[PDB]
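Worksheet: the structure to be examined is printed underneath.
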Amino acid sequence: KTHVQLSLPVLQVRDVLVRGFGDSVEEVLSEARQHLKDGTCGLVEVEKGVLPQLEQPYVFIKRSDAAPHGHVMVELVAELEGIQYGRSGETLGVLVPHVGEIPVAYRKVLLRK
């Protein structure tokens, strides 16, 4: 399927144990997609002071359209030293590995895969 319904655990930035997906734009997009497929991907909501507490390159989920069955359609955009790889809508948050952190909420998304 071109899209997959996912429910992403929303993590507090100070709880996150693994603060990024790797060391290159291509690696972090690769790893983010693998973790999204494996159900091992968390979401951190972006506010003042969040991104400097995480590791670049960043992987964002961004709204790709204006929401089937409650799931917002999203796609992945990576960022490294202020350059983004991808073009999409509003940021819903930054993706990180999930390794058992307790979430504060869930974000229902339809991921363009």
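For the sequence shown, the positions run 11 to 76, 79 to 125 when the deposited numbering is used. Don't be surprised by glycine CBs; every beta carbon is placed ideally from N, CA and C.
- Query: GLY105: buried (16+ other C-beta within 10 angstroms of its C-beta) or exposed?
  - Reply: A buried status is given to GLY105, since no fewer than 16 other beta-carbon atoms sit within 10 Å of its beta-carbon.
- Query: In terms of residues, what are the limits of the alpha helix (DSSP H) holding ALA42?
  - Reply: Note, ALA42: alpha helix (DSSP H), 35 to 48.
- DSSP state of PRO19, grouped into three classes? In this structure, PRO19 counts as strand in the three-state DSSP scheme.
- Who are the Cβ neighbours of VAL23 in its own chain at under 6 Å, not counting the five residues just before and after it? Excluding positions up to five away in sequence, the list reads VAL54, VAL60 and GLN63.
- Use the C-beta contact count for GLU93: other C-beta atoms within 10 angstroms, 16 or more gives buried, fewer gives exposed. Answer is exposed; the Cβ neighbour count stays below 16.
- Item | Cβ shell of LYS125 (< 6 Å), same chain only, five flanking positions each side left out | For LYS125, where only same-chain residues beyond five positions count, the Cβ hits under 6 Å are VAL14.
- Whose C-beta lies closer than 7 Å to the C-beta of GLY82 among residues of the same chain, with five residues either side of it excluded? For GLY82, same chain residues with a beta-carbon under 7 Å away, outside a window of 5 residues either side, are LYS120 in chain order.
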